[PDB]
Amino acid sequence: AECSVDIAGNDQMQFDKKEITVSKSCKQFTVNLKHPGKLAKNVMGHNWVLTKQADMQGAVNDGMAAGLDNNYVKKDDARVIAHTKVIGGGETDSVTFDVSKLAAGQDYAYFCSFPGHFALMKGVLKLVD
């Protein structure tokens, strides 16, 4: 038989092979692991979502619940001033919004609403002048 196997991480963050067979006729067995480094949008996507600081947590929670189909943002969510699409690796998206939706001395947060990402992918947006 063969005394080696090629196994890889896939774009779903699983092994491509759920089974390895080792023949008793093999003295030694060689496992070659590859990490292609490519993840599909459904497991590793990003967006950019803008809210008042106080509205972040509610918007993120309802955003996770809204699903990939809604770019992990609740449809017509009043707390969301602007958001991009959820994009995968090598992709781009742009969003334009009215600056009149911002007020001076208010705290604004941006985050990714892709489930679990708000913890790591956050920042502050400030109105200036």
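In this text, residue numbers run from 1 along the sequence as written.
For the two regions 99 to 107 and 24 to 32, the entry's Cα B-factors average higher over 99 to 107.
Stretches 53 to 61 and 84 to 92 differ in mean C-alpha B factor, with the higher average recorded for 53 to 61. Per-chain ranking of the deposited C-alpha B factor places residue 78 in the highest third.
Placement of the Cα temperature factor of residue 115 within the chain: middle third of the modelled residues, per the deposited record.
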